[PDB]
file target-v3.txt (compact mmCIF, N, CA and C atoms)
# COMPACT_ATOMS: atom_id res chain seq x y z
N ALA U 1 -36.64 16.42 -22.87
CA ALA U 1 -36.48 16.82 -21.48
C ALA U 1 -35.02 16.77 -21.01
N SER U 2 -34.30 15.72 -21.42
CA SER U 2 -32.89 15.54 -21.07
C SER U 2 -32.00 16.49 -21.87
N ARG U 3 -31.18 17.26 -21.16
CA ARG U 3 -30.38 18.34 -21.76
C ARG U 3 -28.95 18.49 -21.23
N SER U 4 -28.67 17.90 -20.06
CA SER U 4 -27.37 18.10 -19.38
C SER U 4 -26.66 16.82 -18.92
N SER U 5 -27.37 15.69 -18.92
CA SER U 5 -26.86 14.42 -18.39
C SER U 5 -25.76 13.74 -19.23
N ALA U 6 -25.67 14.11 -20.51
CA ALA U 6 -24.69 13.54 -21.44
C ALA U 6 -23.24 13.91 -21.13
N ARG U 7 -23.05 15.11 -20.57
CA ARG U 7 -21.72 15.64 -20.22
C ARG U 7 -21.15 14.98 -18.96
N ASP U 8 -22.05 14.59 -18.05
CA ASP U 8 -21.68 13.96 -16.77
C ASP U 8 -21.23 12.50 -16.94
N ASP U 9 -21.75 11.83 -17.97
CA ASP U 9 -21.38 10.44 -18.29
C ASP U 9 -19.94 10.30 -18.78
N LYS U 10 -19.51 11.25 -19.63
CA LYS U 10 -18.13 11.31 -20.11
C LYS U 10 -17.18 11.92 -19.07
N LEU U 11 -17.75 12.62 -18.09
CA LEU U 11 -17.01 13.15 -16.94
C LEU U 11 -16.56 12.02 -16.00
N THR U 12 -17.47 11.09 -15.72
CA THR U 12 -17.19 9.92 -14.87
C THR U 12 -16.33 8.89 -15.61
N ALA U 13 -16.55 8.76 -16.92
CA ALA U 13 -15.78 7.86 -17.79
C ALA U 13 -14.31 8.26 -17.89
N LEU U 14 -14.06 9.57 -18.00
CA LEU U 14 -12.69 10.11 -17.98
C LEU U 14 -12.30 10.64 -16.58
N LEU U 15 -12.71 9.88 -15.56
CA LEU U 15 -12.26 10.05 -14.18
C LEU U 15 -11.83 8.68 -13.65
N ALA U 16 -12.63 7.66 -13.98
CA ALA U 16 -12.34 6.26 -13.64
C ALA U 16 -11.21 5.79 -14.55
N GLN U 17 -11.23 6.23 -15.83
CA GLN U 17 -10.18 5.85 -16.76
C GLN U 17 -8.97 6.73 -16.47
N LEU U 18 -9.19 8.04 -16.27
CA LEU U 18 -8.11 9.00 -15.96
C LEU U 18 -7.22 8.51 -14.80
N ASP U 19 -7.85 7.86 -13.83
CA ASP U 19 -7.15 7.27 -12.70
C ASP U 19 -6.37 6.00 -13.10
N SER U 20 -7.03 5.08 -13.82
CA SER U 20 -6.52 3.75 -14.28
C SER U 20 -5.39 3.86 -15.21
N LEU U 21 -5.54 4.96 -15.80
CA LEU U 21 -4.61 5.42 -16.70
C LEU U 21 -3.47 6.01 -15.83
N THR U 22 -3.66 5.92 -14.47
CA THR U 22 -2.73 6.34 -13.41
C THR U 22 -2.31 5.20 -12.52
N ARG U 23 -2.99 4.08 -12.57
CA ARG U 23 -2.48 3.00 -11.75
C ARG U 23 -1.34 2.38 -12.55
N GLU U 24 -1.41 2.57 -13.88
CA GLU U 24 -0.42 2.08 -14.79
C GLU U 24 0.92 2.78 -14.50
N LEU U 25 0.81 4.04 -14.09
CA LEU U 25 1.99 4.84 -13.81
C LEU U 25 2.47 4.60 -12.40
N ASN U 26 1.51 4.61 -11.47
CA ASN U 26 1.73 4.35 -10.03
C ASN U 26 2.62 3.13 -9.84
N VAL U 27 2.30 2.03 -10.46
CA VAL U 27 3.19 0.91 -10.28
C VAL U 27 4.40 0.89 -11.33
N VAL U 28 4.86 2.02 -12.00
CA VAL U 28 6.09 2.04 -12.89
C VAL U 28 7.23 2.76 -12.16
N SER U 29 6.85 3.67 -11.24
CA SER U 29 7.78 4.44 -10.42
C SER U 29 8.54 3.49 -9.49
N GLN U 30 7.86 2.41 -9.06
CA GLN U 30 8.50 1.40 -8.21
C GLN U 30 9.19 0.35 -9.09
N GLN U 31 8.60 0.07 -10.25
CA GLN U 31 9.11 -0.93 -11.21
C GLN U 31 10.50 -0.55 -11.74
N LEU U 32 10.72 0.76 -11.96
CA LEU U 32 11.99 1.24 -12.50
C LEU U 32 13.06 1.35 -11.41
N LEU U 33 12.63 1.60 -10.15
CA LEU U 33 13.56 1.68 -9.02
C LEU U 33 14.02 0.27 -8.61
N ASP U 34 13.18 -0.73 -8.90
CA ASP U 34 13.47 -2.14 -8.61
C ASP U 34 14.59 -2.71 -9.48
N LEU U 35 14.62 -2.30 -10.75
CA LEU U 35 15.61 -2.81 -11.72
C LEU U 35 17.00 -2.16 -11.61
N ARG U 36 17.03 -0.95 -11.11
CA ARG U 36 18.30 -0.23 -11.01
C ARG U 36 19.09 -0.55 -9.73
N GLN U 37 18.43 -0.98 -8.64
CA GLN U 37 19.11 -1.20 -7.32
C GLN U 37 20.37 -2.11 -7.49
N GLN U 38 20.00 -3.31 -8.06
CA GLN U 38 20.78 -4.51 -8.44
C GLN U 38 22.12 -4.07 -9.13
N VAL U 39 22.05 -3.71 -10.35
CA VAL U 39 23.19 -3.35 -11.13
C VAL U 39 23.90 -2.05 -10.78
N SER U 40 23.14 -1.09 -10.27
CA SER U 40 23.69 0.23 -9.96
C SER U 40 24.50 0.29 -8.67
N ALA U 41 24.27 -0.64 -7.75
CA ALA U 41 24.98 -0.66 -6.49
C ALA U 41 25.85 -1.87 -6.33
N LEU U 42 25.75 -2.87 -7.18
CA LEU U 42 26.70 -3.96 -6.82
C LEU U 42 28.00 -3.98 -7.73
N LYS U 43 29.09 -4.48 -7.06
CA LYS U 43 30.43 -4.63 -7.62
C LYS U 43 30.98 -3.30 -8.13
N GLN K 1 5.37 11.26 10.49
CA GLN K 1 6.28 10.47 9.64
C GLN K 1 5.82 9.02 9.53
N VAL K 2 5.19 8.71 8.40
CA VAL K 2 4.81 7.34 8.03
C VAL K 2 5.45 7.03 6.68
N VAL K 3 5.61 5.73 6.39
CA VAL K 3 6.16 5.24 5.12
C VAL K 3 5.33 5.68 3.90
N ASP K 4 6.03 6.16 2.88
CA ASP K 4 5.42 6.61 1.63
C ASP K 4 5.14 5.45 0.67
N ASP K 5 4.57 5.77 -0.50
CA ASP K 5 4.09 4.77 -1.46
C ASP K 5 5.15 4.19 -2.41
N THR K 6 6.25 4.91 -2.61
CA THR K 6 7.17 4.64 -3.74
C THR K 6 8.60 4.15 -3.42
N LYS K 7 9.11 4.46 -2.23
CA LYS K 7 10.55 4.34 -1.93
C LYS K 7 11.14 2.92 -1.79
N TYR K 8 10.67 2.16 -0.80
CA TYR K 8 11.31 0.89 -0.40
C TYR K 8 11.13 -0.25 -1.42
N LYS K 9 12.14 -1.12 -1.49
CA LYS K 9 12.21 -2.20 -2.47
C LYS K 9 11.22 -3.34 -2.19
N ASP K 10 11.48 -4.10 -1.13
CA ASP K 10 10.67 -5.28 -0.77
C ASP K 10 9.30 -4.91 -0.18
N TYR K 11 9.26 -3.84 0.60
CA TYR K 11 8.04 -3.36 1.24
C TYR K 11 7.12 -2.62 0.27
N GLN K 12 5.82 -2.87 0.40
CA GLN K 12 4.79 -2.17 -0.39
C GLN K 12 3.71 -1.54 0.50
N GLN K 13 2.91 -2.38 1.18
CA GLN K 13 1.82 -1.92 2.07
C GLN K 13 1.38 -2.95 3.12
N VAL K 14 0.92 -2.45 4.27
CA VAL K 14 0.32 -3.27 5.34
C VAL K 14 -1.14 -2.82 5.54
N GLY K 15 -2.04 -3.80 5.65
CA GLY K 15 -3.47 -3.55 5.85
C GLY K 15 -3.89 -3.47 7.30
N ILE K 16 -5.12 -3.91 7.57
CA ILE K 16 -5.71 -3.89 8.92
C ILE K 16 -5.79 -5.31 9.50
N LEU K 17 -6.32 -6.23 8.71
CA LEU K 17 -6.41 -7.66 9.08
C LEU K 17 -5.04 -8.33 8.96
N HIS K 18 -4.16 -7.69 8.18
CA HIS K 18 -2.81 -8.18 7.91
C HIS K 18 -1.79 -7.76 8.95
N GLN K 19 -2.27 -7.40 10.12
CA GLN K 19 -1.43 -6.87 11.26
C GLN K 19 -0.67 -7.97 11.98
N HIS K 20 0.41 -7.74 12.79
CA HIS K 20 1.08 -8.96 13.40
C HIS K 20 1.45 -8.84 14.91
N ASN K 21 1.52 -7.54 15.30
CA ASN K 21 1.88 -6.83 16.55
C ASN K 21 0.77 -6.75 17.63
N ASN K 22 0.95 -7.42 18.77
CA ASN K 22 -0.08 -7.53 19.84
C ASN K 22 -1.42 -7.66 19.18
N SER K 23 -1.52 -8.92 18.75
CA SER K 23 -2.61 -9.53 18.04
C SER K 23 -2.71 -11.01 18.39
N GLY K 24 -2.25 -11.34 19.57
CA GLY K 24 -2.31 -12.69 20.05
C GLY K 24 -3.08 -12.64 21.34
N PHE K 25 -2.73 -11.64 22.15
CA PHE K 25 -3.34 -11.43 23.46
C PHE K 25 -4.52 -10.45 23.40
N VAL K 26 -4.55 -9.65 22.34
CA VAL K 26 -5.69 -8.81 21.97
C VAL K 26 -6.65 -9.68 21.13
N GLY K 27 -7.92 -9.29 21.05
CA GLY K 27 -8.92 -10.00 20.24
C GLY K 27 -8.73 -9.89 18.73
N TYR K 28 -9.77 -10.29 18.00
CA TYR K 28 -9.79 -10.24 16.53
C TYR K 28 -9.74 -8.79 16.05
N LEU K 29 -10.87 -8.09 16.18
CA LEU K 29 -10.99 -6.65 15.95
C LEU K 29 -12.19 -6.13 16.74
N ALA K 30 -13.00 -7.07 17.23
CA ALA K 30 -14.03 -6.83 18.23
C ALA K 30 -13.38 -6.93 19.63
N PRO K 31 -14.01 -6.33 20.68
CA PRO K 31 -13.47 -6.41 22.05
C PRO K 31 -13.45 -7.82 22.68
N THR K 32 -13.66 -8.85 21.85
CA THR K 32 -13.62 -10.27 22.23
C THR K 32 -12.30 -10.66 22.92
N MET K 33 -12.37 -11.65 23.82
CA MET K 33 -11.21 -12.17 24.56
C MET K 33 -10.16 -12.84 23.65
N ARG K 34 -9.05 -13.29 24.26
CA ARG K 34 -7.88 -13.84 23.54
C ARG K 34 -8.21 -14.83 22.43
N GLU K 35 -7.62 -14.57 21.26
CA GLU K 35 -7.76 -15.42 20.08
C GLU K 35 -6.52 -15.32 19.17
N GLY K 36 -5.43 -15.93 19.62
CA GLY K 36 -4.17 -15.92 18.88
C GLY K 36 -2.94 -16.18 19.73
N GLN K 37 -1.77 -16.02 19.10
CA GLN K 37 -0.47 -16.24 19.75
C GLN K 37 0.49 -15.07 19.54
N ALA K 38 1.56 -15.05 20.34
CA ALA K 38 2.58 -13.99 20.30
C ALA K 38 3.46 -14.07 19.05
N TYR K 39 3.42 -13.00 18.24
CA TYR K 39 4.20 -12.90 17.00
C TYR K 39 4.74 -11.47 16.76
N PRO K 40 5.91 -11.33 16.07
CA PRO K 40 6.50 -10.02 15.75
C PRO K 40 5.67 -9.19 14.75
N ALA K 41 5.70 -7.87 14.91
CA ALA K 41 4.82 -6.93 14.18
C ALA K 41 5.32 -6.49 12.80
N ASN K 42 4.43 -5.84 12.04
CA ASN K 42 4.72 -5.42 10.66
C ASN K 42 4.28 -3.99 10.29
N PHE K 43 3.14 -3.54 10.84
CA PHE K 43 2.53 -2.24 10.49
C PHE K 43 3.36 -0.98 10.81
N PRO K 44 3.82 -0.80 12.09
CA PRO K 44 4.54 0.44 12.35
C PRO K 44 6.01 0.36 11.92
N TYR K 45 6.27 0.83 10.70
CA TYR K 45 7.62 0.86 10.12
C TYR K 45 8.47 1.96 10.77
N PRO K 46 9.60 1.56 11.40
CA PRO K 46 10.41 2.50 12.17
C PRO K 46 11.50 3.22 11.37
N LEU K 47 11.81 4.43 11.82
CA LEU K 47 12.98 5.19 11.37
C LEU K 47 13.74 5.68 12.60
N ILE K 48 13.03 5.72 13.73
CA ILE K 48 13.59 6.10 15.03
C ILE K 48 14.48 4.98 15.58
N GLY K 49 15.72 5.33 15.89
CA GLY K 49 16.69 4.39 16.47
C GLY K 49 17.76 3.95 15.49
N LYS K 50 18.22 2.71 15.67
CA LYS K 50 19.31 2.12 14.88
C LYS K 50 18.96 1.92 13.40
call {"tool": "encode", "arguments": {"input": "target-v3.txt", "output": "structure tokens"}}
result
Amino acid sequence: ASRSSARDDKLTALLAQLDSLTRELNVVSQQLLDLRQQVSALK
Amino acid sequence: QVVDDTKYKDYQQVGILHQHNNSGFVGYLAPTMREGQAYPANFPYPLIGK
């Protein structure tokens, strides 16, 4: 009877991960700007 | 014009319960009477002025 539900499970799996796999990036854009302020602008 | 997600160094984000601005003479979050003291604000980040 089940014929279409298998594709939706990997759809949600690579949406929750696709994002998480984006929180990793979300907090690197600020992480790299934090390290350069210091040395790039002083003295 | 509101603060973006990526730019500022020390600043990151302000919530709803984490507010500081006319939250001494105003209630909790219900229309309840006074429950707090006078303190400087945090949520509305300014660019207008000095």
call {"tool": "interface_residues", "arguments": {"input": "target-v3.txt", "of": "chain U", "to": "chain K", "cutoff": "8 Å", "atoms": "all atoms listed in the file", "output": "list in words"}}
result
residues 26, 29, 30, 31, 33 and 34 of chain U
call {"tool": "residues_around", "arguments": {"input": "target-v3.txt", "residues": "residue 44 in chain K", "least_positions_apart": "5", "cutoff": "12 Å", "atoms": "only C-alpha atoms", "output": "list in words"}}
result
residues 1, 2, 3, 13, 14, 15, 16, 19, 20, 21 and 22 of chain K
call {"tool": "write_last_selection", "arguments": {"input": "target-v3.txt", "atoms": "N, CA and C atoms", "output": "PDB file, in the coordinates of the input"}}
result
ATOM      1  N   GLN K   1       5.370  11.260  10.490  1.00  0.00           N
ATOM      2  CA  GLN K   1       6.280  10.470   9.640  1.00  0.00           C
ATOM      3  C   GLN K   1       5.820   9.020   9.530  1.00  0.00           C
ATOM      4  N   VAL K   2       5.190   8.710   8.400  1.00  0.00           N
ATOM      5  CA  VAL K   2       4.810   7.340   8.030  1.00  0.00           C
ATOM      6  C   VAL K   2       5.450   7.030   6.680  1.00  0.00           C
ATOM      7  N   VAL K   3       5.610   5.730   6.390  1.00  0.00           N
ATOM      8  CA  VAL K   3       6.160   5.240   5.120  1.00  0.00           C
ATOM      9  C   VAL K   3       5.330   5.680   3.900  1.00  0.00           C
ATOM     10  N   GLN K  13       2.910  -2.380   1.180  1.00  0.00           N
ATOM     11  CA  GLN K  13       1.820  -1.920   2.070  1.00  0.00           C
ATOM     12  C   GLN K  13       1.380  -2.950   3.120  1.00  0.00           C
ATOM     13  N   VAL K  14       0.920  -2.450   4.270  1.00  0.00           N
ATOM     14  CA  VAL K  14       0.320  -3.270   5.340  1.00  0.00           C
ATOM     15  C   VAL K  14      -1.140  -2.820   5.540  1.00  0.00           C
ATOM     16  N   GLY K  15      -2.040  -3.800   5.650  1.00  0.00           N
ATOM     17  CA  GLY K  15      -3.470  -3.550   5.850  1.00  0.00           C
ATOM     18  C   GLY K  15      -3.890  -3.470   7.300  1.00  0.00           C
ATOM     19  N   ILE K  16      -5.120  -3.910   7.570  1.00  0.00           N
ATOM     20  CA  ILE K  16      -5.710  -3.890   8.920  1.00  0.00           C
ATOM     21  C   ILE K  16      -5.790  -5.310   9.500  1.00  0.00           C
ATOM     22  N   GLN K  19      -2.270  -7.400  10.120  1.00  0.00           N
ATOM     23  CA  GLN K  19      -1.430  -6.870  11.260  1.00  0.00           C
ATOM     24  C   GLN K  19      -0.670  -7.970  11.980  1.00  0.00           C
ATOM     25  N   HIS K  20       0.410  -7.740  12.790  1.00  0.00           N
ATOM     26  CA  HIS K  20       1.080  -8.960  13.400  1.00  0.00           C
ATOM     27  C   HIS K  20       1.450  -8.840  14.910  1.00  0.00           C
ATOM     28  N   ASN K  21       1.520  -7.540  15.300  1.00  0.00           N
ATOM     29  CA  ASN K  21       1.880  -6.830  16.550  1.00  0.00           C
ATOM     30  C   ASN K  21       0.770  -6.750  17.630  1.00  0.00           C
ATOM     31  N   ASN K  22       0.950  -7.420  18.770  1.00  0.00           N
ATOM     32  CA  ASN K  22      -0.080  -7.530  19.840  1.00  0.00           C
ATOM     33  C   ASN K  22      -1.420  -7.660  19.180  1.00  0.00           C
TER      34      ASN K  22
END
call {"tool": "select_by_dssp", "arguments": {"input": "target-v3.txt", "residues": "chain U", "states": "helix (DSSP H, G or I)", "output": "ChimeraX atom specification"}}
result
/U:5-20,23-41
call {"tool": "atom_distance", "arguments": {"input": "target-v3.txt", "atom1": "atom C of residue 20 in chain U", "atom2": "CA of residue 17 in chain K"}}
result
26.9 Å
call {"tool": "atom_distance", "arguments": {"input": "target-v3.txt", "atom1": "CA of residue 41 in chain K", "atom2": "atom C of residue 18 in chain K"}}
result
8.5 Å
call {"tool": "atom_distance", "arguments": {"input": "target-v3.txt", "atom1": "atom N of residue 28 in chain K", "atom2": "atom C of residue 47 in chain K"}}
result
28.9 Å
call {"tool": "build_atoms", "arguments": {"input": "target-v3.txt", "residues": "range 19-36 of chain K", "atoms": "N, CA, C and O atoms", "output": "short mmCIF file (atom, residue, chain, number, x, y, z; two decimals), keeping the file's coordinate frame"}}
result
data_model
loop_
_atom_site.label_atom_id
_atom_site.label_comp_id
_atom_site.auth_asym_id
_atom_site.auth_seq_id
_atom_site.Cartn_x
_atom_site.Cartn_y
_atom_site.Cartn_z
N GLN K 19 -2.27 -7.40 10.12
CA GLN K 19 -1.43 -6.87 11.26
C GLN K 19 -0.67 -7.97 11.98
O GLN K 19 -1.07 -9.14 11.87
N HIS K 20 0.41 -7.74 12.79
CA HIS K 20 1.08 -8.96 13.40
C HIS K 20 1.45 -8.84 14.91
O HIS K 20 1.63 -9.83 15.60
N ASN K 21 1.52 -7.54 15.30
CA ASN K 21 1.88 -6.83 16.55
C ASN K 21 0.77 -6.75 17.63
O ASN K 21 -0.25 -6.06 17.43
N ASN K 22 0.95 -7.42 18.77
CA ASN K 22 -0.08 -7.53 19.84
C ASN K 22 -1.42 -7.66 19.18
O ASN K 22 -2.24 -6.74 19.05
N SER K 23 -1.52 -8.92 18.75
CA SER K 23 -2.61 -9.53 18.04
C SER K 23 -2.71 -11.01 18.39
O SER K 23 -3.19 -11.82 17.62
N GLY K 24 -2.25 -11.34 19.57
CA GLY K 24 -2.31 -12.69 20.05
C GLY K 24 -3.08 -12.64 21.34
O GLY K 24 -3.96 -13.47 21.60
N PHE K 25 -2.73 -11.64 22.15
CA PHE K 25 -3.34 -11.43 23.46
C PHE K 25 -4.52 -10.45 23.40
O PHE K 25 -5.37 -10.44 24.29
N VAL K 26 -4.55 -9.65 22.34
CA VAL K 26 -5.69 -8.81 21.97
C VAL K 26 -6.65 -9.68 21.13
O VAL K 26 -6.23 -10.70 20.58
N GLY K 27 -7.92 -9.29 21.05
CA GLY K 27 -8.92 -10.00 20.24
C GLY K 27 -8.73 -9.89 18.73
O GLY K 27 -7.68 -9.45 18.25
N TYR K 28 -9.77 -10.29 18.00
CA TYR K 28 -9.79 -10.24 16.53
C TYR K 28 -9.74 -8.79 16.05
O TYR K 28 -8.70 -8.32 15.58
N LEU K 29 -10.87 -8.09 16.18
CA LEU K 29 -10.99 -6.65 15.95
C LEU K 29 -12.19 -6.13 16.74
O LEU K 29 -12.38 -4.92 16.89
N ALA K 30 -13.00 -7.07 17.23
CA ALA K 30 -14.03 -6.83 18.23
C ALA K 30 -13.38 -6.93 19.63
O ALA K 30 -12.32 -7.54 19.76
N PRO K 31 -14.01 -6.33 20.68
CA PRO K 31 -13.47 -6.41 22.05
C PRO K 31 -13.45 -7.82 22.68
O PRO K 31 -13.23 -7.95 23.89
N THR K 32 -13.66 -8.85 21.85
CA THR K 32 -13.62 -10.27 22.23
C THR K 32 -12.30 -10.66 22.92
O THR K 32 -11.25 -10.07 22.64
N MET K 33 -12.37 -11.65 23.82
CA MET K 33 -11.21 -12.17 24.56
C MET K 33 -10.16 -12.84 23.65
O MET K 33 -10.36 -12.95 22.44
N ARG K 34 -9.05 -13.29 24.26
CA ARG K 34 -7.88 -13.84 23.54
C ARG K 34 -8.21 -14.83 22.43
O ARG K 34 -8.97 -15.78 22.62
N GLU K 35 -7.62 -14.57 21.26
CA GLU K 35 -7.76 -15.42 20.08
C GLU K 35 -6.52 -15.32 19.17
O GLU K 35 -6.56 -14.70 18.09
N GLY K 36 -5.43 -15.93 19.62
CA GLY K 36 -4.17 -15.92 18.88
C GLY K 36 -2.94 -16.18 19.73
O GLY K 36 -3.04 -16.53 20.91
#
